[PDB]
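Colleague: The sequence shown lines up with residues 1 to 330 when you count with our numbering.
For each residue, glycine too, the CB sits at the ideal point set by N, CA and C.
Dumping the structure here so I can ask a few things about it.
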Amino acid sequence: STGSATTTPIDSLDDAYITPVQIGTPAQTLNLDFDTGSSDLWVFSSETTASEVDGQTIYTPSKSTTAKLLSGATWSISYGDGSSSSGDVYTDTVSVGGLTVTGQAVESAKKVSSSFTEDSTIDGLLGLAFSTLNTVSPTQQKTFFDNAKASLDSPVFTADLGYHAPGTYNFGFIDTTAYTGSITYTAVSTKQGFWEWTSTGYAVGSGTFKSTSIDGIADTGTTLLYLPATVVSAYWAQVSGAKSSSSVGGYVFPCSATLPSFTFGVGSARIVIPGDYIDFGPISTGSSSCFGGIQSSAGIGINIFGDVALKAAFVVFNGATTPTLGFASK
């Protein structure tokens with residue numbers, strides 16, 4: 001089998017991407033944030049505290065003839081940005097782009113933190129990291145990809161995120177029309193549960209490539225590109241007036257600037273992020289200070305190849321027995 005679904009930016013900045021997902025019988029369609037950095041499929045639901053729902057579409061398990069309470073199971077998750085959610089668990093039929101999994105753990109939120117409530121466009125998350133990170137207790141549950149893998153034509157999914165435009169998540173096949181050149185594959189460590197790999201270096205604008213190993217994660221659920229402070233300082237030094245602002249929480253730059261590109265290495269290959277992809281707009285409405293899309297990872301503990309990086313490439317998440325990652329230009 002295969003599946004193919006369009007993923008759409010939630011706003012004019014590409015702050016995140018939502019993909020429609022069918023849950024239950026008859027189908028209830030929710031727009032979920034596909035997140036290769038976590039491993040829980042959780043949804044706003046009829047069980048979510050009413051004051052914490054503000055415009056999201058909710059899953060109502062009592063209206064699904066295939067929903068079954070997973071007795072005794074609870075979940076609770078905290079994300080790198082400080083947000084969180086928790087609740088109980090059903091199993092139900094879940095379909096993405098024509099690909100159907102029966103018995104998928106659908107984690108029903110009883111509580112969500114303010115940033116989820118405040119984002120009316122995201123109805124939940126669909127985790128695509130390794131199932132070892134799944135938070136369901138006492139019986140850890142499998143991701144949608146893990147449950148579908150054996151049925152897929154090939155044990156892969158691909159992320160093709162657009163810049164200010166829709167893109168595609170495919171399951172079970174590699175669309176050879178969706179990229180240019182060849183796909184360069186690189187080793188993955190699953191030791192932390194992530195799609196963790198080592199970039200071979202970077203360049204700023206037309207500058208020379210610096211060969212240096214940068215361990216990080218391919219994370220569709222993170223907006224920006226988070227790299228070591230040395231790398232980030234080298235980038236922003238090429239933008240007149242750019243500075244790190246503790247009060248804003250990162251590098252800002254004059255909105256009048258033209259940003260240089262940023263290149264990252266995948267083996268001997270190179271992925272070029274155009275400068276425009278690094279512009280996240282005014283820090284507040286009407287400000288002439290703009291927020292940068294490349295930020296320091298120094299406070300995180302891990303480097304994160306988030307959407308800013310991934311949207312510049314066609315990315316293969318290869319879930320074969322030894323997983324690997326593939327990157328192509330497009």
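Quick one: give me the first and last residue of the alpha helix (DSSP H) that residue 78 is part of.
Modeller: By 1-based counting over the sequence shown, the position of residue 78 is 78. Careful: residue 78 lies outside any alpha helix (DSSP H), inside the beta strand (DSSP E) at 68–78.
Colleague: How is the beta strand (DSSP E) around residue 328 delimited, first residue to last?
Modeller: Here residue 328 refers to the residue found at position 328 when the sequence shown is read from its first residue. 324–328 is the span of the beta strand (DSSP E), which, as asked, contains residue 328.
Colleague: Look at the Cβ atom of residue 86, then the Cβ atom of residue 71, and state whether they are nearer than 9 Å.
Modeller: The residue given as residue 86 occupies position 86 in the sequence shown. The residue given as residue 71 occupies position 71 in the sequence shown. If you check the CB distance, residue 86 and residue 71 do not come in under 9 Å.
Colleague: Just checking my contact of residue 291 with residue 300 at CB under 8 Å: how many whole Å lie between their CB atoms?
Modeller: Counting from 1 along the sequence shown, the entry for residue 291 is found at position 291. Counting from 1 along the sequence shown, the entry for residue 300 is found at position 300. Residue 291 to residue 300, Cβ: 17 Å. No contact.
Colleague: Go through its chain and collect everything with a Cβ distance to residue 39's Cβ below 6 Å, but skip five positions before and after it.
Modeller: One-based indexing of the sequence shown puts residue 39 at position 39. Here the set comprises 127, 129, 131, 133, 134, 143.
Colleague: At least one CB of chain C closer than 9 Å to the CB of residue 152: is that the case?
Modeller: The structure shown contains no chain C; it holds only a single protein chain.
Colleague: Nearest to residue 281 by alpha carbon, out of 293, 314, 2?
Modeller: The count along the sequence shown starts at 1 and reaches residue 281 at position 281. Checking every option, the nearest Cα to that of residue 281 belongs to 293.
Colleague: Is it true that the segment 30–47 meets the segment 112–124, where meeting means three or more beta-carbon pairs spaced less than 8 Å apart?
Modeller: yes
Colleague: Which term fits residue 221, buried or exposed, when burial requires 16 or more other beta carbons within 10 angstroms of its beta carbon?
Modeller: In the sequence shown, counting from the first residue as 1, residue 221 sits at position 221. Residue 221 comes out buried.
Colleague: Return the Cβ separation of residue 321 and residue 188 in integer angstroms, given the expectation that the two are a contact with Cβ distance under 8 Å.
Modeller: Mapped onto the sequence shown, residue 321 falls at position 321. Mapped onto the sequence shown, residue 188 falls at position 188. Actually they are not in contact, since the Cβ atoms of residue 321 and residue 188 sit about 12 Å apart, beyond 8 Å.
Colleague: Going by beta carbon distance, what residues of the same chain come within less than 8 Å of residue 190, once the five residues before and after it are set aside?
Modeller: Here residue 190 corresponds to residue number 190 of the sequence shown, with the count starting at 1. 130, 132, 196, 323.
Colleague: Give the secondary structure of residue 235 by DSSP, where H, G and I count as helix, E and B as strand, and everything else as coil.
Modeller: The count along the sequence shown starts at 1 and reaches residue 235 at position 235. Here residue 235 sits in helix by DSSP.
Colleague: Using 10 angstroms around the beta-carbon of residue 41, count the other beta-carbons present and answer buried if the total reaches 16, otherwise exposed.
Modeller: Stepping through the sequence shown from its first residue, residue 41 is reached at position 41. The residue is buried, with at least 16 neighbouring Cβ atoms inside 10 Å.
Colleague: In chain order, what residues of the same chain have a beta carbon less than 6 Å from the beta carbon of residue 236, not counting five sequence neighbours either side?
Modeller: Start at 1 with the first residue of the sequence shown, and residue 236 comes out as number 236. If we look at residue 236 and ignore the five residues flanking it on each side, its Cβ neighbours are 242, 251.
Colleague: Which term fits residue 192, buried or exposed, when burial requires 16 or more other beta carbons within 10 angstroms of its beta carbon?
Modeller: One-based indexing of the sequence shown puts residue 192 at position 192. With fewer than 16 Cβ atoms within 10 Å of its Cβ, residue 192 is classed as exposed.
Colleague: Over what stretch of residues does the beta strand (DSSP E) that includes residue 147 continue unbroken?
Modeller: Reading the sequence shown from its first residue, position 147 is the one you call residue 147. Element bounds for residue 147: not the beta strand (DSSP E) but the alpha helix (DSSP H), 144–148.
Colleague: Say whether the segment 45–61 touches the segment 80–95, bearing in mind that this needs 3 or more beta-carbon pairs closer than 8 Å, one atom from each stretch.
Modeller: Touching, yes, given that three or more Cβ pairs across the two stretches are closer than 8 Å.
Colleague: Which value, in whole angstroms, describes the spacing of the CA atoms of residue 169 and residue 2?
Modeller: Within the sequence shown, residue 169 is the residue found at index 169, counting from 1. Within the sequence shown, residue 2 is the residue found at index 2, counting from 1. Whole-angstrom Cα-Cα distance: 11 Å.
Colleague: Residues in its own chain within less than 6 Å of residue 265 by CB, not counting five upstream and five downstream?
Modeller: Within the sequence shown, numbered from 1, the residue matching residue 265 stands at position 265. For residue 265, where only same-chain residues beyond five positions count, the Cβ hits under 6 Å are 199, 200, 201.
Colleague: My output table needs one value for residue 20: the three-state DSSP class, helix, strand or coil.
Modeller: Counting from 1 along the sequence shown, the entry for residue 20 is found at position 20. For residue 20, the secondary structure class from DSSP, reduced to helix, strand or coil, is strand.
Colleague: Can at least three beta-carbon pairs, one atom from the segment 176–185 and one from the segment 98–110, be found at a separation below 8 Å?
Modeller: no
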